[PDB]
Amino acid sequence: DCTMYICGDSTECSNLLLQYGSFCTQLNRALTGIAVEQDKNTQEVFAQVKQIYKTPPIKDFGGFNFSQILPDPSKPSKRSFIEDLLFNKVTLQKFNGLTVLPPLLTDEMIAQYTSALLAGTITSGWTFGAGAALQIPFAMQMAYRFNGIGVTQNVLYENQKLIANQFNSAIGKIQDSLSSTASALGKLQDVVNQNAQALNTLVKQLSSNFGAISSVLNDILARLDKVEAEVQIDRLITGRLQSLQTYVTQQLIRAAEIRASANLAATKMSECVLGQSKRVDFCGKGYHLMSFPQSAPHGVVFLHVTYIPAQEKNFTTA
Amino acid sequence: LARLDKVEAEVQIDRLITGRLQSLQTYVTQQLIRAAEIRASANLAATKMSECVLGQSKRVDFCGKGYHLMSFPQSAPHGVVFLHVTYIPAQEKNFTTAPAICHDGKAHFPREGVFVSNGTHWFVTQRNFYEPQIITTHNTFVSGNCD
Amino acid sequence: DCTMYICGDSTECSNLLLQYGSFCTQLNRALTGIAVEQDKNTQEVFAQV
Amino acid sequence: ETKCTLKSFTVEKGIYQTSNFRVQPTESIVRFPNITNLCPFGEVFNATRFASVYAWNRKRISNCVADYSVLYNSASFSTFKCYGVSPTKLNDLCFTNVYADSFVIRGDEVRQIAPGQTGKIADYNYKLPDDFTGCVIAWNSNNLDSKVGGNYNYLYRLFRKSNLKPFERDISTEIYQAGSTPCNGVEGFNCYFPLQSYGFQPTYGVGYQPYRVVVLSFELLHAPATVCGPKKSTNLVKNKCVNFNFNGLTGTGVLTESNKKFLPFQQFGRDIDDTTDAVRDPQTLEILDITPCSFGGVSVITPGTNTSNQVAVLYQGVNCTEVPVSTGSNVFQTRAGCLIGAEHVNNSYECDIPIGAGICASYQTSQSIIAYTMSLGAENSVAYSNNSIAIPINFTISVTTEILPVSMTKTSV
Amino acid sequence: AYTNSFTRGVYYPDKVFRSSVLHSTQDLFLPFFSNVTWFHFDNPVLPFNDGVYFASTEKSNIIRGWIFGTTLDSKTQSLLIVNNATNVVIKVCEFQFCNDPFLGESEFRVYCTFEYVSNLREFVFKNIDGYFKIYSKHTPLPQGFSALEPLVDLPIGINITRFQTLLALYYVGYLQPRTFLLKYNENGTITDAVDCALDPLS
Ligand SMILES: *[C@@H]1O[C@H](CO[C@@H]2O[C@@H](C)[C@@H](O)[C@@H](O)[C@@H]2O)[C@@H](O[C@@H]2O[C@H](CO)[C@@H](O)[C@H](O)[C@H]2NC(C)=O)[C@H](O)[C@H]1NC(C)=O
Ligand SMILES: *[C@@H]1O[C@H](CO)[C@@H](O[C@@H]2O[C@H](CO)[C@@H](O)[C@H](O)[C@H]2NC(C)=O)[C@H](O)[C@H]1NC(C)=O
Ligand SMILES: *[C@@H]1O[C@H](CO)[C@@H](O[C@@H]2O[C@H](CO)[C@@H](O)[C@H](O)[C@H]2NC(C)=O)[C@H](O)[C@H]1NC(C)=O
Ligand SMILES: *[C@@H]1O[C@H](CO)[C@@H](O[C@@H]2O[C@H](CO)[C@@H](O)[C@H](O)[C@H]2NC(C)=O)[C@H](O)[C@H]1NC(C)=O
Ligand SMILES: *[C@@H]1O[C@H](CO)[C@@H](O[C@@H]2O[C@H](CO)[C@@H](O)[C@H](O)[C@H]2NC(C)=O)[C@H](O)[C@H]1NC(C)=O
Ligand SMILES: *[C@@H]1O[C@H](CO)[C@@H](O[C@@H]2O[C@H](CO)[C@@H](O)[C@H](O)[C@H]2NC(C)=O)[C@H](O)[C@H]1NC(C)=O
Ligand SMILES: *[C@@H]1O[C@H](CO)[C@@H](O[C@@H]2O[C@H](CO)[C@@H](O)[C@H](O)[C@H]2NC(C)=O)[C@H](O)[C@H]1NC(C)=O
Ligand SMILES: *[C@@H]1O[C@H](CO)[C@@H](O[C@@H]2O[C@H](CO)[C@@H](O)[C@H](O)[C@H]2NC(C)=O)[C@H](O)[C@H]1NC(C)=O
Ligand SMILES: *[C@@H]1O[C@H](CO)[C@@H](O[C@@H]2O[C@H](CO)[C@@H](O)[C@H](O)[C@H]2NC(C)=O)[C@H](O)[C@H]1NC(C)=O
Ligand SMILES: *[C@@H]1O[C@H](CO)[C@@H](O)[C@H](O)[C@H]1NC(C)=O
Ligand SMILES: *[C@@H]1O[C@H](CO)[C@@H](O)[C@H](O)[C@H]1NC(C)=O
Ligand SMILES: *[C@@H]1O[C@H](CO)[C@@H](O)[C@H](O)[C@H]1NC(C)=O
Ligand SMILES: *[C@@H]1O[C@H](CO)[C@@H](O)[C@H](O)[C@H]1NC(C)=O
Ligand SMILES: *[C@@H]1O[C@H](CO)[C@@H](O)[C@H](O)[C@H]1NC(C)=O
């Protein structure tokens, strides 16, 4: 609330602030534009699927064990288990006129969307992303994933137990890592920190003098004659306005750099999750097979399953 | 300038100069940020022109929902429009399916397609359009025994 | 070096620039972020292998 | 208000943050200690015997709280001049030290008790400086300082070699010499004892009647204060938006309970934001939290004006029990804010107008602006099983239209 | 003699409750690991500098007060502080202080516009803006940490350049303008500090 950050309750200040015109309208309207784009980002990333596919209770996914990745009904938000690890690992109105608008999609609804994208993926492969969902046994769509990388599908079927046991183990390596280490989610944590640290600057700037005889505007109202009082207030508001303008500008820059990450996450959703990507190292190192999204706080985590050659043997060729 | 002497007209005008300079540098900055947004839509519009129009894209849900056949560009003021023609599967039917067919101890897998049963008789058919074919030595390949 | 650019050698100016508070800490930290980003970009593009 | 703030007579469907609202302060509270050292003015005004003006008394008043209104509002004073200070704002001002001076004089002599005055009292008994800061307070004392046969307790200096400096005193009794004839310590021609006594019989005219005077001299200096005017206080209120002043810490907020244990010397409490989190009541010594009076953007939710003139209102953040009582009957508490006029329904739809925290609003059925939790989409059971495949029998050739910006109006200023 | 002050000599810089917070304050503080002078019955006159840290370790209350001023004689007003056997006593006067001030409480042999009347013992004395500000704590010079609470402020406005103790028939350090980062717990007591100039990690 630009008028409240700058002037507070002072009518005497508010009668000066009107002489600066529509700076407070710009500062309000820019921040509301940043605010709206946060909902656009979250919709564009997650709401790529128009029918909420229920997870089938049969859970006969060819020996693959998605129990970490699929929802847990024992949790009130019905997050997955890895979604709950991520939620915990991103650790963290006022007199100054700041207020913290909530997002449009709750932390449940984005977890319902990830569950829809995931339950569609494992039951119907790519097909739900580009038409009606076509059910297929998971062993067979995996053999399509294998055939897509150019490993003949029999190499899946003849090794299905080994492939399933490798994958199930690798999900354990994720869960253990995201449990134990602190440093993985730094890419989310940095954005959380920068927004908090930007406000801690914005509020502490209220203690600056900017050349005024006091930083507490209530002093001047009580202690100076009207002409000198208004001059000393004009000193403060010129500084507090330029303090608030510096905040809004850097929030415009951050919102553009997050918009560029929302667009990328929406493309990884479209191409890694709803599909299979031939684009090298786009959907993780190795050849891409399939990816599973998980809704970290104000972010997304893609579990890229990839095929990596091993035990290279020399041969003569012609 | 009509009303005040220079030595203090300078002081009044210095306020307007500061305010109008601060007004203008705020507009210029917000145009630099908007330009950095349109530049990213112009880089994406150029990329969709190269990849959807000049080509065919296998990037899922890049050139529209469905499987991308082709697209046609159309101009619009300050922008561009893409008409994305796409194949969408429709009116799906259930079939029983198998990973492999066994005969004479040999395991057969499809070359290009998938095995389906009509409830009585087994066929190979392509993934994206129901088109049943007899299972033959020229549309399957052997690998390993049936165990 | 924000206080060196604005006030130079002078303590008498520095004692006034401190009345503008965090303003030089913002500018030192913003440039530091851009400076680190240049290392990130070049590690990202070349050190893929 | 939307039409005004968008500056248009037509409005497209949406939510518009037309203004902000704040809970107003209901009253102003003041708090200061109720145990204090009152300045002892009584013993300088109501002393039984005053000084002779040649030997005018002085008393230091310091380390105390005054209330000069008790003096100035009294009707008994016949004269109450102040110099460099106003008798009213005297009660708002504060001083390092004060000197109270007192003496008895003739009623005709009160006019000599002013800065820059001359004459026997001003020149030879009590001199005020040219830049005197104080007040002169005087009253008739013919009820006390006169008697039948005359009262000769009081004296004044009639002769001196030179005028007194400001606030100088001279009690010397050496016989004054008015001429070339030496006095040799005895009175005579040109040879006079320097003091004379007033003829205070009670029957005299007012100019000859005795008057008591108290002069208060105020030391405005760079030294610390020790004599302030009254540290007033009001009754104390809680859980209401009020203006407050605690020991000079002054602001506006909801005073409320606390369990934060201040150390015994501490008076004020601050958050991580250099802003008042709590304060000690200087009277009860209770700790109060201070919380801001609730405020938010107020947002008007509208269909297109082509569809209706009816609108709902969302008060961002605030609780419906706090929202001011503009005419809407329906009230609902979203987690985004108190929503008024809109009607809660148990259906769900695509998000027509977004509010926040999953709530959306729409103009629907006789029409009203309904408010609902948004539908994510149709709900579907995907019919997976370990041996079934679905294959399309048919196909649809879509044409999907996509639009991208490319340029914006080339401009230069 | 001389000894290391370690992290002694922090005191609450303002009368403000702060809790669960780290706060940076700039004030006259005793620098960390400062070399403080150490004494055992000589009672010399010592300079006051910009401000003083004083402490003593005792089991018999032999130290009994201090005197502060410039001339330390009746040519100027001086400050007397004495913990007598029944009261702490404070006076400002043009004291003609003795050549060897001591108590004995049969004997008083120490020598007006202000007066006031009220183990390891630690004290800090400041004389700024005409306030003589006193901080203290009593603790059951050892390496460790605690913060001195404000004892009293005297609005006396006098000039001070040197001081001396009162003994009945200790350690001295000096403050410097330092930035300290102070840590407040949930009970709003200071529990740690960083002298920002001490070393590059600090
Ligand atoms: C495809 O069939 C399924 C039913 O399951 C299959 O068919 C059975 C006859 C049996 O052979 C099973 O082993 C197969 O797996 C249909 O799914 C059901 O559809 C109805 C609505 O018609 C719905 O109420 C049920 O909940 C669905 N079952 C599940 C598990 O979700 C499906 O409709 C058929 N699809 C097509 C295109 O024919
Ligand atoms: C999938 O894997 C998980 C382990 O990653 C299995 O969960 C464990 O199940 C056993 C019982 O079989 C429990 O005692 C453990 O407590 C479970 N783990 C945890 C972390 O709670 C799960 O059973 C596996 N499911 C299938 C079908 O293989
Ligand atoms: C291919 O590699 C896998 C490991 O990635 C091998 O599987 C392991 O084989 C050893 C015995 O050689 C077992 O002890 C492990 O338990 C196996 N792992 C799993 C997950 O089952 C596999 O044998 C290798 N195949 C070849 C032909 O070398
Ligand atoms: C499954 O498909 C086969 C075709 O391959 C159907 O069998 C044919 O049925 C027709 C009569 O409807 C006969 O004229 C053909 O000779 C049959 N061919 C064979 C190889 O038997 C069969 O009826 C289909 N089953 C269902 C349930 O539709
Ligand atoms: C809206 O305001 C009311 C008070 O007017 C809140 O009621 C209190 O809620 C707390 C729990 O949050 C209880 O401990 C109190 O006992 C309640 N007070 C009364 C008088 O019942 C209410 O919870 C608020 N609701 C929201 C959503 O903010
Ligand atoms: C596939 O769908 C198309 C429509 O999208 C069907 O074509 C229509 O068929 C009806 C008769 O069933 C005709 O009356 C219409 O004129 C046809 N449309 C056009 C544009 O000619 C087609 O028959 C469907 N095929 C299958 C196998 O389901
Ligand atoms: C307080 O008064 C003393 C003298 O009574 C001043 O101290 C002298 O200062 C000069 C330097 O200006 C030195 O050369 C003398 O040795 C000092 N004498 C003593 C006895 O200390 C002191 O400067 C005054 N302080 C203030 C703040 O005015
Ligand atoms: C310690 O000092 C106080 C004064 O600060 C002494 O108290 C005075 O004692 C005399 C009798 O000796 C009384 O006449 C005074 O009225 C007392 N003054 C106050 C303010 O109470 C006290 O006696 C001293 N103690 C010792 C042991 O000498
Ligand atoms: C802060 O103060 C509280 C009391 O105001 C202390 O809490 C007590 O702590 C002891 C253990 O040290 C417990 O046995 C008591 O039950 C606690 N009381 C309450 C009411 O919780 C606390 O220890 C203090 N902490 C610090 C760091 O000073
Ligand atoms: C003197 O006494 C009267 C009552 O006899 C009292 O009202 C007045 O306040 C006293 N003087 C002062 C200065 O208080
Ligand atoms: C001071 O006022 C408070 C109430 O404001 C009261 O509790 C307290 O007892 C008062 N003190 C005295 C000495 O009357
Ligand atoms: C609504 O819009 C149509 C546009 O054709 C116009 O004709 C009509 O008068 C409008 N009605 C109102 C009430 O604005
Ligand atoms: C609508 O939901 C509320 C709970 O929010 C419930 O009390 C009410 O009975 C429901 N009414 C209908 C008709 O479902
Ligand atoms: C402390 O300083 C004195 C000089 O002021 C010096 O003689 C002594 O050696 C120093 N002690 C230590 C431990 O540094």
# chains A, B, ... in the order shown; residues from 1 in each chain; ligands from 1

call {"tool": "residues_around", "arguments": {"residues": "residue D:28", "least_positions_apart": "2", "cutoff": "6 Å", "atoms": "only C-alpha atoms", "output": "number ranges by chain"}}
result
D: 242-244

call {"tool": "residues_around", "arguments": {"residues": "stretch 99-113 of chain B", "least_positions_apart": "5", "cutoff": "8 Å", "atoms": "only C-alpha atoms", "output": "list in words"}}
result
residues 140, 153, 154 and 157 of chain A; 124, 125, 126, 127, 139, 140, 141, 142, 143, 144, 145 and 146 of chain B

call {"tool": "write_last_selection", "arguments": {"atoms": "N, CA, C and O atoms", "output": "PDB file, in the first residue's frame"}}
result
ATOM      1  N   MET A 140       4.304 -52.694 -21.459  1.00  0.00           N
ATOM      2  CA  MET A 140       4.298 -52.432 -22.896  1.00  0.00           C
ATOM      3  C   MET A 140       4.648 -50.991 -23.247  1.00  0.00           C
ATOM      4  O   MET A 140       5.397 -50.759 -24.202  1.00  0.00           O
ATOM      5  N   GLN A 153      12.382 -53.690 -28.447  1.00  0.00           N
ATOM      6  CA  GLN A 153      11.492 -53.875 -27.304  1.00  0.00           C
ATOM      7  C   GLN A 153      11.711 -55.192 -26.566  1.00  0.00           C
ATOM      8  O   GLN A 153      11.456 -55.269 -25.359  1.00  0.00           O
ATOM      9  N   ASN A 154      12.169 -56.236 -27.260  1.00  0.00           N
ATOM     10  CA  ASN A 154      12.486 -57.489 -26.578  1.00  0.00           C
ATOM     11  C   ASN A 154      13.527 -57.309 -25.480  1.00  0.00           C
ATOM     12  O   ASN A 154      13.524 -58.061 -24.499  1.00  0.00           O
ATOM     13  N   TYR A 157      11.418 -56.757 -22.405  1.00  0.00           N
ATOM     14  CA  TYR A 157      10.685 -57.915 -21.899  1.00  0.00           C
ATOM     15  C   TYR A 157      11.632 -58.968 -21.334  1.00  0.00           C
ATOM     16  O   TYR A 157      11.404 -59.504 -20.245  1.00  0.00           O
TER      17      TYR A 157
ATOM     18  N   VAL B 124      -1.593 -58.160 -35.426  1.00  0.00           N
ATOM     19  CA  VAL B 124      -0.770 -56.983 -35.177  1.00  0.00           C
ATOM     20  C   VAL B 124      -1.491 -55.776 -35.760  1.00  0.00           C
ATOM     21  O   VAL B 124      -2.173 -55.871 -36.787  1.00  0.00           O
ATOM     22  N   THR B 125      -1.355 -54.633 -35.095  1.00  0.00           N
ATOM     23  CA  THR B 125      -1.886 -53.386 -35.620  1.00  0.00           C
ATOM     24  C   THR B 125      -0.988 -52.236 -35.193  1.00  0.00           C
ATOM     25  O   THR B 125      -0.312 -52.306 -34.165  1.00  0.00           O
ATOM     26  N   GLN B 126      -0.981 -51.181 -36.000  1.00  0.00           N
ATOM     27  CA  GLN B 126      -0.199 -50.001 -35.671  1.00  0.00           C
ATOM     28  C   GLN B 126      -0.778 -49.302 -34.444  1.00  0.00           C
ATOM     29  O   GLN B 126      -1.953 -49.446 -34.103  1.00  0.00           O
ATOM     30  N   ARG B 127       0.085 -48.539 -33.770  1.00  0.00           N
ATOM     31  CA  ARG B 127      -0.279 -47.914 -32.500  1.00  0.00           C
ATOM     32  C   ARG B 127      -1.435 -46.929 -32.645  1.00  0.00           C
ATOM     33  O   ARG B 127      -2.365 -46.933 -31.832  1.00  0.00           O
ATOM     34  N   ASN B 139       6.085 -59.424 -40.394  1.00  0.00           N
ATOM     35  CA  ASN B 139       5.738 -58.311 -39.520  1.00  0.00           C
ATOM     36  C   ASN B 139       6.017 -58.600 -38.050  1.00  0.00           C
ATOM     37  O   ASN B 139       5.529 -57.867 -37.182  1.00  0.00           O
ATOM     38  N   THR B 140       6.785 -59.647 -37.748  1.00  0.00           N
ATOM     39  CA  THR B 140       7.298 -59.895 -36.406  1.00  0.00           C
ATOM     40  C   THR B 140       8.761 -60.305 -36.503  1.00  0.00           C
ATOM     41  O   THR B 140       9.241 -60.708 -37.565  1.00  0.00           O
ATOM     42  N   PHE B 141       9.470 -60.199 -35.379  1.00  0.00           N
ATOM     43  CA  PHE B 141      10.830 -60.712 -35.271  1.00  0.00           C
ATOM     44  C   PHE B 141      10.950 -61.628 -34.061  1.00  0.00           C
ATOM     45  O   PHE B 141      10.325 -61.391 -33.023  1.00  0.00           O
ATOM     46  N   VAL B 142      11.758 -62.678 -34.204  1.00  0.00           N
ATOM     47  CA  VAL B 142      12.011 -63.632 -33.128  1.00  0.00           C
ATOM     48  C   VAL B 142      13.099 -63.093 -32.208  1.00  0.00           C
ATOM     49  O   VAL B 142      14.064 -62.469 -32.665  1.00  0.00           O
ATOM     50  N   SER B 143      12.949 -63.330 -30.904  1.00  0.00           N
ATOM     51  CA  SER B 143      14.082 -63.254 -29.986  1.00  0.00           C
ATOM     52  C   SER B 143      13.845 -64.157 -28.783  1.00  0.00           C
ATOM     53  O   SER B 143      12.892 -63.948 -28.029  1.00  0.00           O
ATOM     54  N   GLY B 144      14.715 -65.150 -28.610  1.00  0.00           N
ATOM     55  CA  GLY B 144      14.646 -66.067 -27.486  1.00  0.00           C
ATOM     56  C   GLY B 144      13.510 -67.069 -27.498  1.00  0.00           C
ATOM     57  O   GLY B 144      12.635 -67.024 -28.367  1.00  0.00           O
ATOM     58  N   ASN B 145      13.523 -67.984 -26.532  1.00  0.00           N
ATOM     59  CA  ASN B 145      12.463 -68.966 -26.361  1.00  0.00           C
ATOM     60  C   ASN B 145      11.317 -68.391 -25.525  1.00  0.00           C
ATOM     61  O   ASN B 145      11.441 -67.347 -24.882  1.00  0.00           O
ATOM     62  N   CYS B 146      10.187 -69.100 -25.542  1.00  0.00           N
ATOM     63  CA  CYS B 146       8.947 -68.652 -24.912  1.00  0.00           C
ATOM     64  C   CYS B 146       8.970 -68.657 -23.385  1.00  0.00           C
ATOM     65  O   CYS B 146       7.957 -68.281 -22.786  1.00  0.00           O
TER      66      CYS B 146
END

call {"tool": "closest_residue", "arguments": {"among": "A:139, A:2, A:85, A:110", "to": "chain B", "atoms": "only C-alpha atoms"}}
result
A:139

call {"tool": "residues_near_ligand", "arguments": {"ligand": "ligand 3", "cutoff": "6 Å", "atoms": "only C-alpha atoms and all ligand atoms", "output": "VMD selection string"}}
result
chain A and resid 162 165 to 166

call {"tool": "closest_residue", "arguments": {"among": "B:88, B:116, B:80, B:135", "to": "residue B:43", "atoms": "only C-alpha atoms"}}
result
B:80

call {"tool": "residues_near_ligand", "arguments": {"ligand": "ligand 12", "cutoff": "12 Å", "atoms": "only C-alpha atoms and all ligand atoms", "output": "MDAnalysis selection string"}}
result
chainID D and resid 9:12 303:309

call {"tool": "write_last_selection", "arguments": {"atoms": "N, CA and C atoms", "output": "mmCIF file, in the first residue's frame"}}
result
data_model
loop_
_atom_site.group_PDB
_atom_site.id
_atom_site.type_symbol
_atom_site.label_atom_id
_atom_site.label_comp_id
_atom_site.auth_asym_id
_atom_site.auth_seq_id
_atom_site.Cartn_x
_atom_site.Cartn_y
_atom_site.Cartn_z
ATOM 1 N N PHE D 9 -16.656 4.553 -18.423
ATOM 2 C CA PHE D 9 -18.059 4.269 -18.151
ATOM 3 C C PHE D 9 -18.445 2.821 -18.431
ATOM 4 N N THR D 10 -17.576 2.044 -19.076
ATOM 5 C CA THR D 10 -17.788 0.620 -19.288
ATOM 6 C C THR D 10 -16.675 -0.160 -18.600
ATOM 7 N N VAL D 11 -17.012 -1.346 -18.092
ATOM 8 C CA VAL D 11 -16.055 -2.200 -17.394
ATOM 9 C C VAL D 11 -16.177 -3.632 -17.898
ATOM 10 N N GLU D 12 -15.040 -4.241 -18.235
ATOM 11 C CA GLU D 12 -14.985 -5.649 -18.599
ATOM 12 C C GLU D 12 -14.962 -6.527 -17.347
ATOM 13 N N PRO D 303 -19.105 -8.926 -13.148
ATOM 14 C CA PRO D 303 -19.310 -9.258 -14.560
ATOM 15 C C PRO D 303 -19.129 -8.014 -15.413
ATOM 16 N N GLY D 304 -19.124 -8.204 -16.730
ATOM 17 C CA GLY D 304 -19.170 -7.053 -17.614
ATOM 18 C C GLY D 304 -20.400 -6.205 -17.344
ATOM 19 N N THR D 305 -20.230 -4.884 -17.446
ATOM 20 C CA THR D 305 -21.356 -3.978 -17.249
ATOM 21 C C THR D 305 -22.432 -4.170 -18.304
ATOM 22 N N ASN D 306 -22.077 -4.762 -19.446
ATOM 23 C CA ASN D 306 -23.071 -5.165 -20.431
ATOM 24 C C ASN D 306 -23.978 -6.267 -19.897
ATOM 25 N N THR D 307 -23.497 -7.050 -18.930
ATOM 26 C CA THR D 307 -24.291 -8.111 -18.325
ATOM 27 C C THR D 307 -25.061 -7.659 -17.084
ATOM 28 N N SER D 308 -24.417 -6.932 -16.173
ATOM 29 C CA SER D 308 -25.105 -6.486 -14.968
ATOM 30 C C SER D 308 -24.355 -5.324 -14.336
ATOM 31 N N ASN D 309 -25.075 -4.572 -13.505
ATOM 32 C CA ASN D 309 -24.488 -3.587 -12.605
ATOM 33 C C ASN D 309 -24.243 -4.120 -11.198
#

call {"tool": "interface_residues", "arguments": {"of": "chain A", "to": "chain B", "cutoff": "6 Å", "atoms": "only C-alpha atoms", "output": "JSON, numbers by chain"}}
result
{"A": [130, 131, 270, 271, 275]}

call {"tool": "residues_around", "arguments": {"residues": "residue B:49", "least_positions_apart": "5", "cutoff": "9 Å", "atoms": "only C-alpha atoms", "output": "list in words"}}
result
residues 44, 54, 55, 71, 73 and 82 of chain B

call {"tool": "residues_around", "arguments": {"residues": "residue D:167", "least_positions_apart": "2", "cutoff": "7 Å", "atoms": "only C-alpha atoms", "output": "PyMOL selection string"}}
result
chain D and resi 126-128+165+169

call {"tool": "closest_residue", "arguments": {"among": "E:26, E:172, E:127, E:61", "to": "ligand 14", "atoms": "only C-alpha atoms and all ligand atoms"}}
result
E:172

call {"tool": "residues_near_ligand", "arguments": {"ligand": "ligand 10", "cutoff": "6 Å", "atoms": "only C-alpha atoms and all ligand atoms", "output": "NGL selection string"}}
result
:D and (41-42 or 45-46)

call {"tool": "write_last_selection", "arguments": {"atoms": "N, CA and C atoms", "output": "CSV table (one decimal), in the first residue's frame"}}
result
chain,number,residue,atom,x,y,z
D,41,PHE,N,6.1,23.8,44.5
D,41,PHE,CA,5.8,25.2,44.4
D,41,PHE,C,5.0,25.7,45.6
D,42,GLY,N,4.3,24.8,46.3
D,42,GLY,CA,3.5,25.3,47.5
D,42,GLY,C,4.3,26.0,48.5
D,45,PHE,N,5.1,29.7,47.3
D,45,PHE,CA,4.0,30.6,47.2
D,45,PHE,C,3.3,30.8,48.5
D,46,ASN,N,3.3,29.8,49.4
D,46,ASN,CA,2.5,29.9,50.7
D,46,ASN,C,3.4,29.9,51.9

call {"tool": "closest_residue", "arguments": {"among": "B:41, B:138, B:121, B:51", "to": "chain D", "atoms": "only C-alpha atoms"}}
result
B:41

call {"tool": "residues_near_ligand", "arguments": {"ligand": "ligand 11", "cutoff": "12 Å", "atoms": "only C-alpha atoms and all ligand atoms", "output": "PDB file with C-alpha atoms, in the first residue's frame"}}
result
ATOM      1  CA  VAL D  30      -1.983   8.331  26.739  1.00  0.00           C
ATOM      2  CA  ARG D  31       0.098   6.561  29.406  1.00  0.00           C
ATOM      3  CA  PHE D  32       2.786   7.891  31.771  1.00  0.00           C
ATOM      4  CA  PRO D  33       3.860   7.009  35.331  1.00  0.00           C
ATOM      5  CA  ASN D  34       1.313   7.617  38.093  1.00  0.00           C
ATOM      6  CA  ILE D  35       4.042   7.840  40.772  1.00  0.00           C
ATOM      7  CA  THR D  36       6.164  10.989  40.299  1.00  0.00           C
ATOM      8  CA  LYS D 232      -0.667  13.189  31.651  1.00  0.00           C
ATOM      9  CA  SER D 233      -2.446   9.845  31.259  1.00  0.00           C
ATOM     10  CA  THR D 234      -5.769   8.338  30.149  1.00  0.00           C
ATOM     11  CA  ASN D 235      -7.543   5.148  31.104  1.00  0.00           C
ATOM     12  CA  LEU D 236      -6.216   2.079  29.270  1.00  0.00           C
ATOM     13  CA  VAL D 237      -8.109   0.031  26.655  1.00  0.00           C
ATOM     14  CA  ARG D 280       5.336  -1.629  28.960  1.00  0.00           C
ATOM     15  CA  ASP D 281       2.429   0.257  30.485  1.00  0.00           C
ATOM     16  CA  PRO D 282       4.263   2.716  32.794  1.00  0.00           C
ATOM     17  CA  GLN D 283       1.421   2.459  35.366  1.00  0.00           C
ATOM     18  CA  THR D 284       0.394  -1.202  35.661  1.00  0.00           C
ATOM     19  CA  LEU D 285       3.851  -2.339  34.443  1.00  0.00           C
ATOM     20  CA  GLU D 286       2.008  -4.886  32.297  1.00  0.00           C
TER      21      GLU D 286
END

call {"tool": "residues_near_ligand", "arguments": {"ligand": "ligand 6", "cutoff": "7 Å", "atoms": "only C-alpha atoms and all ligand atoms", "output": "number ranges by chain"}}
result
D: 393-396
